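Just dropping this structure here.
Chain naming follows the written order as A, B, C, D, E, F and G, and within any one chain the residues start at number 1.
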Amino acid sequence: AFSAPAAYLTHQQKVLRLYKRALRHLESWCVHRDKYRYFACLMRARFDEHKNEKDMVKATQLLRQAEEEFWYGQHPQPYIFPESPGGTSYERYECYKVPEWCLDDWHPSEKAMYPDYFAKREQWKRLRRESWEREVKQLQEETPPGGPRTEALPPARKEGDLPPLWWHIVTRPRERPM
Amino acid sequence: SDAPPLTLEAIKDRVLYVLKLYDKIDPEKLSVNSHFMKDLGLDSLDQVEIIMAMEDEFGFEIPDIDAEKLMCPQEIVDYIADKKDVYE
Amino acid sequence: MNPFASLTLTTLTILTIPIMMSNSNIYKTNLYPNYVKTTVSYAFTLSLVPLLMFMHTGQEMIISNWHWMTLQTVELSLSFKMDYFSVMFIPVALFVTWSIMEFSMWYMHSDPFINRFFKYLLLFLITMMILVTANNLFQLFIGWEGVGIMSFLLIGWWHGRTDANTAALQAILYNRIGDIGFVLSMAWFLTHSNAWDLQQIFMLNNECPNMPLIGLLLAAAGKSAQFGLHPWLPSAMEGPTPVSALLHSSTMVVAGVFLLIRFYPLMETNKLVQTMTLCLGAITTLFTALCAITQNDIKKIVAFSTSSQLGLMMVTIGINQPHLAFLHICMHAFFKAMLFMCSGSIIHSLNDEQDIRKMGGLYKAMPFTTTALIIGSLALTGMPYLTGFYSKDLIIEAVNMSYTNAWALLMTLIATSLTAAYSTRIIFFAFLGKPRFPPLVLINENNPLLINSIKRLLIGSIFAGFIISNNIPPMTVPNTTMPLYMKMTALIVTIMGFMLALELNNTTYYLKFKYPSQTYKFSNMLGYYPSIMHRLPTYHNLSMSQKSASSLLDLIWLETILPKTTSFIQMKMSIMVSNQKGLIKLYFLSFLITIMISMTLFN
Amino acid sequence: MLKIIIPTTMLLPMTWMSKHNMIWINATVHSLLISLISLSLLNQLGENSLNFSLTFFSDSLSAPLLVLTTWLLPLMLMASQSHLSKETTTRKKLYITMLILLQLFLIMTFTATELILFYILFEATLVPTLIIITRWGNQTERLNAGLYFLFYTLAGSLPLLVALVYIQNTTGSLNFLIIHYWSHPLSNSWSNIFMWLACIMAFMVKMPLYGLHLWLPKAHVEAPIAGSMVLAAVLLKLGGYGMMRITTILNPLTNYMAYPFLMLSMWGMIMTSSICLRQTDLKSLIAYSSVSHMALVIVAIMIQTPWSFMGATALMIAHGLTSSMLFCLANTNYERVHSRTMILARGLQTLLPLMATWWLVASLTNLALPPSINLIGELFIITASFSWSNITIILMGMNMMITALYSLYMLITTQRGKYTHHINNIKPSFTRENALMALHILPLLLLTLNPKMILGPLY
Amino acid sequence: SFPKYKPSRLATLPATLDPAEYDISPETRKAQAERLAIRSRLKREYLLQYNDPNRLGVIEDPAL
Amino acid sequence: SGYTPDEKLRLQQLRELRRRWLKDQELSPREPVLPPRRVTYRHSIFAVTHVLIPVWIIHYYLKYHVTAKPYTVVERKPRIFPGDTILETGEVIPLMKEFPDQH
Amino acid sequence: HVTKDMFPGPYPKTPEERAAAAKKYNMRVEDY
């Protein structure tokens, strides 16, 4: 989620992803730990026997029957972590994430409580106000002509500079706001 | 819930605990800043296995695009802390 | 005088006070959940008295206090019926709700909107009470829609989760499909018997025709999650565990079976509807048991168990034993609420983990939870002299010795065997093996709320079956003499299911691996019913909604016919008429032509 | 009746001589006061009517519609108070003048003991509406919408004038009492068939019937908020009221002349309910919902049984209130969002909880939930149509299911889910909008206690 | 040998079983590069318009 | 593979800022300020204002208003067996005819 | 604040027209 993607996945990345998925589904099939370890070692053995193949045509010929075999025995009800995009509690707390800018609409009577928090809030707002003016120029001078080619953003290079486009990544609500 | 607020030192201790039980690497040589491909001579598949082990141990799963570019215990700790919003 | 009516109305009234107080100051504190729990407990202990008076004398009563409106020769009034069914189901529902609320006071302590959750639970309880005590079809419909709306609101408790909204809408869809038949029955009854009141309906219909009974059966199938419309009950688990423990386990889902029970004087007079409901019950109980055999989410397994029990009581209705079905409702409430409360305890203790693949050794880690779950499972499977026995054993005995369909017989027997099998699966996979949860052990049950809530239902599921069975007057002809081999068929089939499930589950220890067969894929994917039926119809309908109805008819052809054709014709005529070069030669030639035409034509 | 008509007229000089910063207060206060005066008309008797004079009479069919019409105007003023902030004093006074003229024309229409006066005011109700739609409208399509709304209505209603003057020439009087008492059967002839069509089409076009509803989505989408509520609440009921008044002379021809319209309505209810599911706009969705409900009312009126008429009146009042509430809520959303698209703003329940409650209540009422008068009218019409034929239940049940589906879809898409990230001008809801929603919804839950007040003369 | 997965309208072909990305040619890589380029251009425009402290409205979406 | 130096530096700075922001979210002892302003026993009062009063109101309503109209409250007639005595009349229902009793 | 060109247009037989539309919808010419 954090890292920007590349235009394509190399053969190594495909092999690693297939290995991870195969191990996960094998663990789902083999409920117990000792069985899982035994069959995971067997799968690693059958996985590394073609590690040193040189030609790419045959390697691409492989990893195709491998994917077909994986799809045939994929355990149609795999194990999904509760916070995963398929888990039981995937977006459970997404209804509690209230944006930061909502605090700008609070009544002064409500702002009377928590005064120190709002003082630090004003300090953060001033910091963002200056940092944005610096960042827009830095990004303008750093990007190549014709538009960016990948969605990777550069860090801060000077001393007082801050990373471009940081406000909405730094001020995420929380993992479990309530 | 009653879940304790796990902290940075606790995360680092858990990471090193998981790594030290991986017999492919010797506990004495490993450090929080040690690499995986060069300083320990581990395979790419081995690194995937470590990532999955931390996945199982911490109860949350790391996306592949972020898991394939974690090479040191320190940056694994940093990634977990960023995921779980740890202050100190 | 005759405190029966006073107390039977006072329980329903006192259940309403916290709803009125929801706008007061106590709603803004942390005292609200305890307030609601105490109110429910007081309502239960007050409603316990009419049960005693009915048991002593056999008191029956209907109260028509407020006259709502009169439509010519029809009168609609707020009428409550307080017969055996109502006076017996009030205390059971109140007891289960009290235990569930006390459990929720611990399960949902971290939810910021806990007060709203308790208010929603109380609103659902009030609506179910209205449905149970209703005397005319309109009040029954009011309760019928209220429970469905509350289920929609409580399934989608977490608004951020998309699956919650999907499940809520799916439940509403299926309940409306059932409401189609409910409204059909209501309209038929009014237009033929000239009354929505149960008394006139019973009296004027000596031989009830097929249409109203088919409508009632469709409504019961819709709300009790029978085979045609089953998936909404397993999908309704996206809500919090207390909701699925109270609403979609034991109280709300028995509304269709209760509707069929209420109209039993008309059910007996028809033979085709009895056969249809028996077949529906048999097929649905087998299907949900078979699906539950191989499920891996604990809440899914218990939901499918609930669906199987619902099908079993539909079968009981089919063989014309409504009172036995009511008794099974009462027992199933207790032990199924127990099972869901234990599952919620495990889920909370294991950091919101629901897959049984990650539950290991909890027989020693959680002793009270495992003993409660073991007692509940043994009661569910039909262990003799327990709460589930006094209902299920009689169900199977009556089913075995009636002039019924043989395929329904076989399906019911296989269904109870599979019930034993999946109970074994739950116990073995969640309490026997070595631990499989993450290393940070956070096991803890030492909370008085959870322990007390579980132990109350424990005492209930141990003794209530005996108490209720021996403390009510007989209403069915006993099956005194039976063949010995058929007398024990329930126990033999349950033991066979236990042995087969245990032997097949013990084979997972062996270090061998094999790809699944077609039967396993069919059973795990829920007969492929949720896939196809949620992709083939919906899509097509939605497709038409944009292709034929919206764009092609409304935006293209309806526009082309009336307005666009008129606009085009008038534009063409205006262009033709107004295009004159201004030459008076042509003008006067036309004048000569029209002079000649009028001279020779109009004379 | 003049105790109602005269104050409505005096509202105009009251508005025009008010101070520049006090027009809204005076208009709202005196409109509410007028509504209280109109409440007295509700006490109808089981006998003929409240024949006030030779020109105006009140029935138990006209009383609920009159009370709703008088009650709507304060809500229209509170709704229009928002987007007219930057408007000059003269134009605001002209807007209030148009609203007052519309109310006066509707009040004079609903009693109208003579049919020609009824027709004159029934077409007079068309000028202020067109001016409101085409003048104070945001989009550039308001002109085409105004043209459609004018011509669809006028083309249908022009043969009605000829039919009425012909009836007066033959019968000798158009007073509704004389028409009802001296009614005679219509023989089965081509001339009588065309008289039936002329007398019916003028009211069926305005309801509207499926196939002639093209003007309604345009008029409802492009109009301002007040025009939208006055169209959805009262202006749609003119056709049904006229049809129930005029079907007294079309018997027994209707017994077989109702088949095309019955089939059209019973299929168009399904078609428009399905259309509501796949909609990218909120106001268009609400307009199509109104079309479906009015098609059901058409079926009820054409059945011509006492339960049909009772259900038709109840559904008229309930749908008016519900559609007005839904348009109010959509306008409040559009004012902050400035886009009018369903999926552009999401998860508003996390930011505005009370408006989420109002959305839920409005959707539940639209969903025909018991014991609200929505379901009372719905169920009465269902039973009457079932008596008409046992197969109608299939179509009606399909309509009910689709109605529930699209109502909850409207609720879920705009209220549930994760909020849109790039919108940061969702200010907390004002007291005006909350008061508007409360005043919309409380009369419905109050009328569910005394249904006999809205069940019409055949109660 | 294993039974083949036959895709349909309501059950599409998985990316892993798809054969288009196994027959890789330099023009396919160029096409993927252009796709990522235009997507990143749009993302950069949106992020520039999104983090602006001065903006106090809704970012108009031409696509919508 | 692995982090590029620019990615490492950007992630480090973002992490520092995120930790600062998260630490700033904490509330001090005086951070929450509330302005004060005012204008067996628990169960004993609870049973009085929640149980007894509804019983009184409902009993009054049923006894003197609901039962005033005919047929509003209709009770199933009690079962009569051989041998019981009726309060209203005092007559005794005759017993059975002494059926043969073995086992 | 959107120009007339941005709005959807009638299907175009010509390649030049096709290219203009593909650029309008923010996608590759041979991907449109």
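We take it that a contact is a pair of C-beta atoms (placed from the backbone, for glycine too) under 8 Å apart; a residue touches a chain by one contact, two chains touch by 3 or more.
Following the contact convention of this document, no chain is adjacent to both subunit F and subunit G.
Set against the C-alpha centre of subunit B, every other chain centre is closer than that of D.
Between the chain pairs B-C and C-F, more C-beta pairs are in contact across C-F.
Chain nearest the geometric middle of the protein is C, using mean C-alpha positions. Taking each chain's centre as the average of its CA atoms, subunit E and subunit G sit 19 Å apart. In whole angstrom, the spacing between the mean C-alpha positions of subunit C and subunit D is 37. Once the centre of each chain is set as its mean CA position, subunit A and subunit D turn out to be 52 Å apart. Here the CA centre of subunit B is 66 Å from the CA centre of subunit D. Multi-chain contact residues of subunit C (touching two or more other chains): 159-160, 162.
In subunit A, 2-3, 5, 12, 72, 82, 91, 94-97, 166, 168 are the positions where the chain touches two or more neighbouring chains simultaneously. Each of residues 347, 349-350, 416, 418, 421, 424 in subunit D touches at least two other chains.
Across the interface of their complex, subunit E is touched by residues 5-8, 18, 60, 64, 67-72, 125, 128-129, 132, 136, 139, 143, 147-151, 165-168 of subunit A. Every residue of subunit B that touches subunit F in the complex is listed here, in rising order: 68-69, 71, 75, 78, 81-82, 85, 87-88. Within the complex formed with subunit C, the subunit B residues making contact are 1-3, 56-59.
On subunit F, the positions that touch subunit C within their shared complex are 43, 46-47, 50-51, 54-55, 58-59, 61-63, 66, 71-76, 78-79.
The part of subunit C that touches subunit A in the complex is made up of residues 111-112, 158-163, 296-297, 352-355, 357-358, 429, 433-434, 436, 508-509, 511, 513, 515-516, 521, 524-525.
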